[PDB]
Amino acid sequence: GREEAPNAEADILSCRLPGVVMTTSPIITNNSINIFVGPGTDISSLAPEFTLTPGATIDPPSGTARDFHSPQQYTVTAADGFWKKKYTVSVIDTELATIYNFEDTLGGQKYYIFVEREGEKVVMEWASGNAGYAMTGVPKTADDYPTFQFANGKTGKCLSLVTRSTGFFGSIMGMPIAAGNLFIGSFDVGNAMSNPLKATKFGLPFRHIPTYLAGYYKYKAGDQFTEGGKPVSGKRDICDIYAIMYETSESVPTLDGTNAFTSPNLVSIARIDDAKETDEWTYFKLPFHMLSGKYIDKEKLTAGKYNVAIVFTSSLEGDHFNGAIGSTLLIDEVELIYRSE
């Protein structure tokens, strides 16, 4: 029958590049698309094609050739001619960034999105659950979210991850707390409050053999550990810091919160095993373990058939709502170290 609440604004629902192999699915947010192509692809004249909300139009039209050396804007107008939305569409044609100083974020947003740059060119957007937290109605400003930027880093600014209450609305959804996280991948806001573990899509293509994840942290557990909203006395919160490498396929384009450590597609895992509460910047250097009966194939590697994810969280079991509100993980000067070829 007739739609109950018409969604007003019209969306780009998909993106593809006819005749170019994308290295992973385009990452679509409310007002942005990131398209990934192999290093060496000519990006001076790409012609993205979109699907849209029925009855919408897009300007310039779907299939217009443009120069994506810089991001290009499109406007979608709803059928009614009143509602419009601007999207920024960017093409990433470089290999994954591996040096993270947490200085750079996207301006003009209601919460922080950390990016990696080469000069003025953005080459990666980190993801978090921020889009999901916005849906609880709790945050007022960028600093109220679980994932934000803090001025006092080890050098310059740093990443700050704080486990937050999700308030009344979060509790009625069975989601009473929100861990601060940051990861390589994307956040699918359509699952944020229906299948939250499916919302965190971990990994992007990586064409080297990672050997160590290194960097610095500080950590303070929150005062009162809770399990599904219920206080528990014997427990102190702890952070998690980890990285995974897995082989992609038609059936496994990404891993997520349901299978980050268990998917048979995993080839390698690095993970902190001596995390502690500390107010001093503490070095970690996590070796990647290649898993039993797995191997990194050279030709798959060069073809881009493996993804790597790096994940930080202020509450190790926060993804299952076990954690302490106020748990705070600061991260700075991280490096993904890989073998020289």
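Each residue number is its position in the shown sequence, starting from 1.
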Pick between 330-338 and 3-11: the one whose mean CA B-factor in the entry is higher. 3-11
Can you tell me whether 212-220 has a higher mean C-alpha B factor than 225-233 in this record, or the other way round? 225-233
Can you work out whether the C-alpha temperature factor of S70 puts it in the lowest, middle or highest third of the chain? middle
With respect to C-alpha B-factor, does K300 fall in the lowest, middle or highest third of the chain as deposited? highest
Going by the recorded CA B-factors, say which third of the chain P26 sits in, lowest, middle or highest. highest
In terms of its chain's C-alpha B-factors, the third that includes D273 is the middle
Chain-wide C-alpha B factor ranking for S171, given as lowest, middle or highest third: highest
